[PDB]
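Have a look at this one before I ask anything.
All chains are identified by letter, namely A, B, C, D, E, F and G, in their written order; residue positions are counted from 1 within each chain.
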């Protein structure tokens, strides 16, 4: 659903309402109806409510970078002149409400309306089509609300603790309804551990087994759930058949949860449960009481000591530079390092100084927003200040935002701020240009076959074996190893055929792969698709936004170009090998790199030769070659 | 649109133009804040569009050279004697010099207490130099800063990033009807207002002869007086008012340099663009989410934050071979209810409440030649109406405008005026509307915190302090941690103290903070006004000392403890939150980005000249642009038919456009797409 | 050249995924494969041969092989080339459709040789269809989906 | 169907509808053409009725033809063939 | 477990400020009652106010008058602060006529019967020798905050300047409760509710009208049976 | 004043005892005005009877397990806690249950005298085994709302006693949510949706009628400040 | 201060001005 300024809807749906009341005869002919609408008589409004009955429309925002830059919504009439956007899609839209606009477009033909309603509907475009991660994940406020809920506060009110003799445990509950009524009274708090009897929540498979056993359907079967009532009110939000969680809700926990939900449940179930999660997150983010003051933002009591100790490292190095022993650039780099150590030491002291339950600490430790360093920059020591050229001034700042700045501290910080703000024009425009290239380059790569049936493929190493002897999972597995199609079969020591060639290769496959000891795989990839024009849907394998195999008509090339060029604005380099957006951009343009590193040409021994101003290296081969 | 946008638009140091460097030619380095800007150009107030770093603004204390090279006044430390000497220098006059720290333990002997003082060396390098060695010291704080930037208390607690946003938004405030002075501001506001000319002044001393809303006579002590004719409902260059209200007394002596009238956004002669409001930044049920704001509806019903919007529609009747467009109430084919608030002489009645599409001026023209359709011929033969061969090119309020009508400014050829060759009537009808705020209207604080209003509910569900008080303003917390902008909370709390007053107890001795905390800052009474310099202000520890004595306004209620936080009770639940809730006083203002201004809708308007494509603009019915970069995702969805719709008939197929008109005037599904004109215009171009 | 085209693929994809993963930006490597495939599609020519293959003219491996099948018989001469990788801007410019490239960059320069070489555009490419107002060959535009024959079940007509 | 009932434009669960067709794009046309045919039926309902048949599943009060058509598919009330 | 019934008392602290104690409430029932009453009183109390005015000289809110130090717009702002208790639903009128200099207040306005200007001492305008203020105003009942109606929507007269409509006799309400909570569970809540009205009627009268409404609403709840 | 547009109420069943109630069109913002109050009332205004204390033979300090029966003591405790009973006296009533022999002891085995009625005989209790023989004694009463377990001060007198909570209100849970029914044409009207879910002893609707009674009484207790006060009214039916 | 009509806006200034604005 998407809000819609009613007048905007009227002047969008002008001919529709024209006709509809014409055949209701409120206006005899179409011209009378045109004047009716122009004068905006009351009759046009109720009938407008009719014409917008399930008529999808389009929401766009400039720029649109990834495919989900546009979304089809079923609109509802809204009083006022502002478009009310469901607070979940904004991530994909990347739209904040600090004055952002939206363009609205109308599908017309049945072909058009069906394309909007089916393909582009916001309830269908859920995962991040680049990495497939849930793009409609609950955001900041919802993440905070749920994190504040599903915690487990020891020493809270109404907690469970066994007792005997004069009073039993007095924490157990017969029903979550009993617990909710209790919490109505102050006798119980949300994040106080309890123990309830549950029949409508499916236990974890371990508990589901050891209590229910094989006959382990949730509904009719009762089990003892020792948790916090908040976690129950949360885990209920899941599909009725989902197991119980009993965890604190980090942003990642939701990532895994919703990935699984989109895994084994239809998009309708997840579309509904995301709205329910939104409601819970807004309902509890407000009870979070995460508000900032000068009291909450504490400055550590030890900072003066740490900075004075590192100031001696600066007071002494001032003289040592003055002595002329260390050069003018030693005075630069050694001091920069001294103060990086100083700021790190201040940061750890502050990090462990704050209470675990600090509103701002709550925000960061839920993974909602911010890095701890942005907390540090407020109270204590900011760190090193920079220059337009990009160095770190060996004479740093010492105060923070709560501790106020000075003319010089602020004036120097002005460079470090103006620079960062400025590179939003060049880097962003280049990201646009790089996308512009890639789109044309890739537009001709369209999934054409269900399968080319070939056996050519790539190899994915997939967690090489540890030296001491284990299975070190390769940290980059979902990004690089999932959504693949096997080019061959997964066979163990010529043992069991674990997986056939051409398998969707989800978590089940890889679980065994890391269990069976089998590491290398061959993947039916697009670099090997025998298809002359386009790729076979098997060589591509699993599309991202579906979690399923690609179709036989999708222009995956544009998707790839968008996905690669979408996060371009977030690219940053270090202080002669560039490692930022220019580094990818030129690389994608495939030119001679500046910090060029020559490669070998003959497997053989090496005759290094330290030349003057540029070294030399011969590769003396293992044969009678040059 | 405000006195600031009048002033700070001047004192602008642009980088572009003849002799200037174009943006694409304007590379990265030039956009940078050179060390040679200290005191010369404002290093923070720059446009945040593509002109980041190009267009600059003056400092406050700067000077203009006879040559025009930038000049900044500074003291000069000679042998550790920082002289009151106001020595103007430009940048090259530093490389043979050394500028020192601006706020040092200077004993008033002109020496620096510590040898190692943070000075700027000749090359702009900022390091420590002994006390007696540097040769120049700065004039004073808020010297390297502009004026609009000088209206942000706690700038030193605010990110230079967000400070830019706040400064630029201060130029976009809208003229309200009260213009409350900040309880917490800066001492430059009072200076900065009179210098803006938007505040009527008593140019010459002498007694106030009389006070009136239309004039104020200052009887000079010598015989003569000075009559001041005021400027009321004079439309601004951006369609707003220049209202100049008097704050004076019928007899009080006015001095050379004292107010005669406050302006649109001033009170007591200091800038006042908004209002001072108690806070609680608790997130309220996902209606102030992600830069969305919720307000106390009292402020709407009170119109505390509401803006008058004057506007003028220009109606120009010229000489023609058809004749002349005689503006009277001779309307072709006009009903009765539409003339109700109109005067005979071809306009509305001056003071006509009008609305969107409302006919404002009847600029009736002759129609021209045409084949009289047989049906209309039979009609004029059947019912008996006239040919009505006059093309009524009248003004109807275009989309989404309304409000009372102010009046008319009419010049005419028969008036024997200087109208150009043909225009026999120049008309400027004026319509105003005091747009009571609504969601989608952009508001903003003084520290870059900004955004449109998500929603405003009545006062019913407003958490209250231990004073039983619902609060003014509720914002989202999550913008604060990630934007280095606890500074607006710093001003929040200090404004709390400035609204309740305090008495820093010098019971037995001045409190340790209170010692170098200047005098008479130990004293304050409720509902007070203060200032804070950008770099030399109310330090964090000082404020900690301002919380100690937190003497309330009325009840016995010390809500912000010595360390800062307060307690709140929800106004919905009646049930307490787990943790103390922040409160205190924030300055807020309304920005000139209304959702009454930024909506455009179009089913079908006119079309381009060459192509049959629509046009661009909210003024013209225009039409929305669908770019290539939209086409990319558009195919990535695989939705081919909708894209054919977009580029074929939704843009460029004429007959189909009528067909779809035929489709949904026949109540039938929109049938097969046609082949479009601009595509054929594409062909003509190519051929 | 020294390690064939397969090893450059690994190097390129890993090096780019390094930068994107550097800031913690996750993109599945299949997208980079899609782009790199377009990088390596061509093969240079190091042989005049007997069919149109001027030395140094880069061409499609598929076209090279197709002509090789024809010219191994009917006069057996193999054309010598090499798997080559170019800049993606050149890759776009080096397309079968002058219209697409001319709708990408250097509008005039490319249009010159488009006119010279009597290059009849296939009027089939994606961006082609976009410009000409014709339905694109993707998603719901291919003839397989375009020509789905929806007709009621005969029993449904029996429900009359 | 372990969900809570859908509503509005998603009352026909798109997931179920995907099963009928081999691929979603097939679904799009499989609905678009039938909606056109429904409109056609209404365009000849009163006059000489053609081969077309209108709402084979019950129509709404004044339902969008595509809305009815998508419902026709859901219950396997029609048959189709890809090219 | 307490088997007694709730009460409601009265404690008038000022002229228009009153307190009401309800004892005993139920465990956890304390807040919600005062919460609901707050909303009802603030939003659901039928009052009256001046709706649209007329001034013989001016045809809109954007023209001054010869003589007044105040302005027409600020005249409307001043009059927005009227405390007048009408008694009849139908439009009632008033008059404010004053010439020559002198601070004209809300007491100088001359009302007909049935409309009690609760604020006769609140200043309205400042005139001078040329000052000549003859204003017509219309008062009318209602409830809540009805926006300013359009002088064109009704086939009305130009001098008629529609003013906002504020039918709210409530200034501020604040409730509080105090749980007993003995381990033996003979617990009850006691509501110390507070009302402060807008000097147009008694806080008691507004409370009675709010209860008058809410008994209807709750009778609907019992009406199922 | 009058409501000026009469709202309705529709009860919709979901189970034998669980039902939703849709009210529409309420005046703007009035959903919350009555919904939260009403849920609080339903939770804390409907009388009912529940167990209060327990004592069983064999246990004096062994608050873990007792012979004959196999499961723990807390299991039986929480089983009995969720017991539906109705009483007609505010004195403390006593019931016994004594099943000899192994088997499944249920809530149908309890012998409630007249004046105390049970509405879930077929609720299992204990997995009695080993020719188990038991004697459980239940101290029961009636009240309202949720009363936690009051411990035995007379620890010696009732030393095998067990204090326990009591869900005196017969409803288990009620939720409410507001809507935006005809906000545009009829000025921000709202529709409340209630969901009530109660014990088998009583119905969902009847406790709602009683809540309406209690609340209209409670607000008549206030409206008796100015009997002729012009508030809002509804109109016909 | 130093202004013929300004109100008292007390501040926390640390130093005095060798020159005004």
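Everything below uses one rule, namely that a contact is a pair of C-beta atoms (placed from the backbone, for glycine too) under 8 Å apart; a residue touches a chain by one contact, two chains touch by 3 or more.
Ranked by how close its C-alpha mean sits to the mean of all protein C-alpha atoms, the top chain is A.
Work out the mean CA point of chain C and of chain E, and you get 75 Å between them. Between the CA-based centres of chain E and chain G the separation comes to 45 Å, rounded to the whole angstrom.
Here the CA centre of chain B is 27 Å from the CA centre of chain G. Rounded to whole angstrom units, the spacing between the C-alpha centres of chain F and chain G is 70. Residue numbers of chain F whose C-beta contacts span two or more other chains: 29, 32, 36, 40, 43-44, 146, 148, 151. Those residues of chain C in touch with two or more other chains are numbered 126, 136, 138-142, 144-145.
Shared contact sites, meaning residues of chain G that touch two or more other chains, are absent. Pairwise, the chains that touch each other are A-B, A-C, A-D, A-E, A-F, B-C, B-D, B-E, B-F, B-G, C-D, E-F. Here chain B touches chain A in the complex through residues 28-29, 31-33, 38, 43-44, 46, 48, 50, 52-53, 101-103, 118, 126-128, 138, 141, 144, 154-161, 164, 280-286, 289-292, 356-357, 399-400, 438-440, 442, 450-452, 454, 476-478, 480-482, 484-487, 489-490, 493, 534-535, 537, 539-540, 543-544, 560-561, 563-566, 577-582, 593, 595-596, 598-599, 601-604, 624-627, 629-630, 632-642, 645-646, 649-650, 660-661, 664-667, 669-673, going by the rule given at the top. Across the interface of their complex, chain D is touched by residues 139-140, 142-153, 156-157, 159-160 of chain C. Of all residues in chain A, only 184-186 touch chain E in the complex they form.
Residues of chain B touching chain E in their complex: 177, 210-214, 232-233, 245-246, 301, 303, 308, 310, 337, 340-341, 349-355, 358, 404-407, 432, 434, 436, 458-461, 464, 468, 571-575. Remark: chain B residues 60-61, 73, 75, 84, 86, 103, 106, 139-141, 185, 187-188, 190-191, 254-259, 268-270, 516-518, 520-521, 524, 529-533, 536-539, 542 touch chain G in the complex.
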